[PDB]
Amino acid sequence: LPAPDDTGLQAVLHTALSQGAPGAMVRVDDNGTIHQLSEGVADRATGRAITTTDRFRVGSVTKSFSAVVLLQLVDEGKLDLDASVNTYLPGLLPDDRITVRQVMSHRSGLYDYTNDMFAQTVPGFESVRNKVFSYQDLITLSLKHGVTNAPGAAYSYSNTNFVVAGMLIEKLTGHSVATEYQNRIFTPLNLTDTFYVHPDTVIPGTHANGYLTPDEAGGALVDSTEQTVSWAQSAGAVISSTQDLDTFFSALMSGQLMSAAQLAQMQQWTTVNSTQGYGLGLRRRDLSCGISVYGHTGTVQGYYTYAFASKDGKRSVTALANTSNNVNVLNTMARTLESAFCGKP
């Protein structure tokens, strides 16, 4: 790989601040040599600086954690990716043909209930932030709508799919998702900054606050740090750090979290666009310099994450900006992957 470009990374973070991120940061683990940069504030009211050791909400990166658990269940003979969801969760879905593999790859057709919840960004946050939902509650909200496509027919990202994932984990194991993440992932990898505390609203230890950008241009930011994340659960509620997400995706890609056979299944790509694919709770991004990287993005109120690794896991990158609902920031933060993997022009 080319050398990571720290001057380029610095420029990305500075641009993200200029676009409305209170703070932005990135950590690269380059085969044992660390790169770490941060700019701005973890708490914009107190002025406390952001740092790459601050814990944060990883949002939809959680899907990769849920996928690893499910794929280990496949390895153990407890789950068949081509079985119907309804074989394991009788009567859950309207269509018996929807399979586990389809759910994990966003090919199920299940309507994304969050389109109802977050039609208006800040009011929607205020509606959900202090609610506790069951998994079934969220599935019922989806099922108020028809499916959006036939089983397996089309990629359409939906949080509902990884709500199903959590229900499957809990049914098949008899344990909570927190227990399964701890025993299968957090403890074996020694992820000391990584937690699943749902429905607790506190982020343990020193953390970046999250700042939700309102829908009205120029509007005052809303502190969105403390919420249950119950609207997402196994689709979005993990807390982590840049170091720990780097460890996680490096361990995944290097073969440490499941059999070779199941990692290969995880990397069967469904086309998203001409430079992106979706596997089983895993994303592929094709970079300008002809490198692909593997991992997941995260969005949750007040936090944007990118966490990606090279194919052999030897280089991993995690970037965080502590805002959300700001597409300029979201797009800018993606440029960390260019600077970290492709290097200088």
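So that there is no doubt, residue numbering starts at 1 and follows the sequence shown.
As recorded in the PDB entry, 252 to 260 is the stretch of 225 to 233 and 252 to 260 with the greater mean C-alpha temperature factor. Taking the PDB entry as given, 145 to 153 carries the higher mean Cα B factor of the two stretches 79 to 87 and 145 to 153. Highest CA B-factor among the listed residues (281, 302, 32, 59): 32. The residue among 289, 317, 41, 70 whose C-alpha atom has the highest B-factor in the PDB entry is 289. Sort the chain's modelled residues by C-alpha temperature factor and residue 102 lands in the middle third, per the entry. Per the deposited record, the Cα B-factor of residue 310 falls in the middle third when ranked against the other modelled residues of its chain. Per the PDB record, residue ranking by Cα B-factor puts residue 327 in the highest third of the chain.
Split the chain's modelled residues into thirds by C-alpha temperature factor. Residue 210 is in the lowest one.
In this PDB entry, the Cα temperature factor of residue 297 sits in the middle third of its chain's modelled residues.
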